[PDB]
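This report refers to the structure that appears directly beneath it.
Just so we're on the same page: letters track the sequence lines, and every chain starts at 1.
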Amino acid sequence: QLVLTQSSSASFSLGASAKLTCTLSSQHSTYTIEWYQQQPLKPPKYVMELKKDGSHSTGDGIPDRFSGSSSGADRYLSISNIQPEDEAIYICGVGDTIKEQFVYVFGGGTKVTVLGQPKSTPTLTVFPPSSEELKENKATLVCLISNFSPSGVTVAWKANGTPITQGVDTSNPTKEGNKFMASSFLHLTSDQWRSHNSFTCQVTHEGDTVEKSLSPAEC
Amino acid sequence: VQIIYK
Amino acid sequence: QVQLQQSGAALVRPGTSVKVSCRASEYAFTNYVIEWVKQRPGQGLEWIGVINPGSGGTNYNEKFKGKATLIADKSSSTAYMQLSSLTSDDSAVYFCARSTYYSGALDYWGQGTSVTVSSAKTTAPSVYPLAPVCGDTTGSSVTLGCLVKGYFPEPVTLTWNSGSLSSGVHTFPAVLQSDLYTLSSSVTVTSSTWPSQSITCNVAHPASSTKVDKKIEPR
């Protein structure tokens with residue numbers, strides 16, 4: 001019965017105005033909800049308490065660019081002048097004392113992406129399989145991805161310029177100084193490695209693509 | 001009405 | 001700082017029970033409650049229940065009755081969450097959070113305690129030296145690497161020439177595939193440095209009491 005329905009994960013320009021929607025189950029239209037913000041690898045943080053009349057109280061460390069409003073069952077989070085640090089999943093919560101027991105429920109969360117952040121384009125380092133691993137009938141290709149900001153990348157491998165998606169393990173991005181790094185491994189047999197002209201590690205970042213290829217062939 | 005007792 | 005200090009990461013076997021700890025500091029522990037939240041990797045928040053330190057009274061999400069037990073120790077300002085009959089389903093970050101007796105807001109949260117429920121067995125890495133293919137040897141700088149393959153669990157430590165090579169080193173967090181970790185580290189030196197001077201990566205795996213030094217040879 002107690003249900004929170006969060007609006008579609010959205011994408012807002014740096015310095016633009018964002019409005020997220022959390023809608024209450026219709027019978028619970030008078031209820032107070034809480035907004036929460038979960039940035040990567042970090043515990044959720046309390047953002048505010050938001051009442052039926054639009055009155056709110058923001059939590060420890062929340063800037064005055066976060067406000068709220070209400071309309072019937074709709075509970076809204078407004079961010080003006082959205083900043084990169086606002087990039088996160090926004091999660092609403094609601095409590096009630098049902099069947100004489102207290103219960104808290106969470107919305108599914110809304111992924112807020114900030115477009116137009118300042119950008120450092122990824123550096124790729126690619127390694128062939130070692131003579132030693134080849135002797136074991138195996139071939140890991142290594143793509144190391146560094147010097148990038150913000151953290152959102154995708155990684156794709158090509159053999160002879162066509163998609164190879166089987167045997168690929170790709171890491172999530174992690175902090176390195178004021179930037180991010182990620183790794184990708186392509187697992188193949190030594191014959192697949194020897195029988196192709198080229199392999200490509202291709203990384204997409206903020207509308208950009210960087211590709212680094214390597215060949216089994218002598219120079 | 002919303003009730004919260006813990 | 002109002003703080004909630006959680007117990008550290010746990011790797012446990014299926015069918016066992018674990019106990020996570022949540023130590024309150026710099027706030028009246030008995031003037032507030034402790035709530036617990038489940039997060040599965042890349043999934044939303046799931047409310048587990050609430051302990052009232054002051055009363056001992058507990059409230060639980062129906063799904064967790066017989067799964068989670070919440071206890072509080074006033075004398076030590078500590079809340080505990082025990083999980084029984086562990087399965088892979090129970091693999092998640094567990095958060096403790098402060099809330100009031102009469103409000104929704106989880107206003108402060110602990111850092112999280114990563115409970116991993118696995119029958120992964122301890123495994124020493126295979127270490128491989130990464131030299132570039134001839135094509136990547138024509139630069140002003142050259143980048144070499146080491147592949148640390150199929151180890152369990154975290155961590156390993158990696159150095160280059162016993163920590164004599166320090167800047168220009170990038171070590172990439174491990175990917176996990178089929179309960180084995182893989183990672184790589186790169187080192188960038190002036191092309192004049194290698195191969196004339198020896199570069200060797202040094203990999204220690206405390207769990208398996210193993211250390212491997214691999215010399216990077218030209219291919």
Side-chain angles (χ1 to χ4, degrees), chain A residues 6-22 35-48 58-68 76-92 107-126 143-157 170-184 200-212, chain C residues 39 41-45 93 109 111-112 167 170-173 175 186 188:
Chain A
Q6 297 203 231
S7 30
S8 193
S9 293
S11 296
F12 304 85
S13 283
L14 197 58
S17 273
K19 206 207 207 170
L20 311 191
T21 312
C22 177
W35 285 101
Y36 299 98
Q37 169 187 260
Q38 185 164 32
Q39 296 159 311
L41 217 144
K42 286 179 164 175
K45 145 196 208 81
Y46 177 53
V47 172
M48 75 182 58
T58 61
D60 200 336
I62 298 292
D64 297 12
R65 95 179 154 280
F66 289 83
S67 77
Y76 309 109
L77 188 75
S78 280
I79 325 172
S80 71
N81 192 38
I82 215 175
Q83 291 301 112
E85 52 270 14
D86 301 325
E87 188 158 73
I89 298 143
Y90 288 100
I91 316 163
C92 56
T110 304
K111 183 177 272 205
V112 175
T113 287
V114 175
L115 300 180
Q117 299 179 53
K119 188 206 284 199
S120 24
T121 292
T123 274
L124 298 191
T125 295
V126 303
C143 186
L144 310 176
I145 313 150
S146 63
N147 216 64
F148 68 91
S149 195
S151 65
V153 300
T154 77
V155 191
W157 290 89
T170 300
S171 76
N172 290 131
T174 52
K175 283 164 157 41
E176 188 179 38
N178 287 141
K179 275 134 190 237
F180 296 94
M181 69 197 146
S183 57
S184 209
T200 307
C201 171
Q202 164 204 279
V203 170
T204 67
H205 182 255
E206 304 285 295
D208 305 331
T209 299
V210 178
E211 295 195 0
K212 178 69 185 200
Chain C
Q39 190 165 42
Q43 313 319 305
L45 306 172
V93 180
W109 292 71
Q111 80 266 25
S167 48
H170 305 280
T171 297
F172 295 75
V175 294
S186 63
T188 299

[Y] side chain reached by [X] side chain, heavy atoms, under 4.5 Å:
| X | Y | result |
| --- | --- | --- |
| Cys92(A) | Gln6(A) | yes |
| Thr209(A) | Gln202(A) | yes |
| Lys175(A) | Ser151(A) | no |
| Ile62(A) | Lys45(A) | yes |
| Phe172(C) | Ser171(A) | no |
| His205(A) | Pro150(A) | yes |
| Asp86(A) | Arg65(A) | yes |
| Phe180(A) | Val153(A) | no |

Got a second to check how far [X]'s [atom1] is from [Y]'s [atom2], nearest 0.5 Å?
| X | Y | atom1 | atom2 | answer |
| --- | --- | --- | --- | --- |
| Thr170(A) | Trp157(A) | OG1 | CH2 | 8.5 Å |
| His170(C) | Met181(A) | NE2 | CE | 9.0 Å |
| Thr113(A) | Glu206(A) | OG1 | CD | 9.0 Å |
| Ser17(A) | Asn81(A) | OG | CG | 8.0 Å |
| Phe148(A) | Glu176(A) | CZ | CD | 9.5 Å |
| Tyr90(A) | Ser7(A) | OH | OG | 13.0 Å |

Would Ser146(A) and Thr125(A) count as a side-chain contact (heavy atoms from CB on, under 4.5 Å) here? Give the steps. CA-CA 8 Å; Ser146(A) 63; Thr125(A) 295; 5.8 Å; no
If I compare all heavy atoms of [X] with all of [Y], which pair ends up nearest, and what's the gap?
| X | Y | result |
| --- | --- | --- |
| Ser186(C) | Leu144(A) | CB-CD1, 3.8 Å |
| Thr110(A) | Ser9(A) | CG2-CA, 3.7 Å |
| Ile82(A) | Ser13(A) | CG2-O, 3.1 Å |
| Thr174(A) | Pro173(C) | OG1-CG, 3.3 Å |
| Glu211(A) | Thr200(A) | OE1-CG2, 3.4 Å |
| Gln37(A) | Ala88(A) | CG-CB, 3.6 Å |

Sidechain-backbone polar pair: [X] side chain, [Y] backbone, donor-acceptor under 3.5 Å:
| X | Y | answer |
| --- | --- | --- |
| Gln117(A) | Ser149(A) | no |
| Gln39(C) | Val93(C) | no |
| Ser184(A) | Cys143(A) | no |
| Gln43(C) | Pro41(C) | yes |

Does atom CG of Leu115(A) have more than 12 heavy-atom neighbours, drawn from other residues, nucleotides or ligands, at distances under 6.0 Å?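 Buried by this count: over 12 neighbours within 6.0 Å.
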NZ of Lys119(A): more than 12 outside heavy atoms within 6.0 angstrom?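 For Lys119(A), atom NZ is crowded (more than 12 foreign heavy atoms under 6.0 Å).
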Please state whether the rings of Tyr36(A) and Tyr46(A) are parallel, tilted or perpendicular, taking 30° and 60° as the class boundaries.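 Geometry flag for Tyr46(A) against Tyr36(A): tilted rings.
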Before we go on, tell me: are the rings of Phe66(A) and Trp35(A) under 6.0 Å apart, centre to centre?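 Judged by ring-centre distance (under 6.0 Å), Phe66(A) and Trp35(A) do not meet the cut-off.
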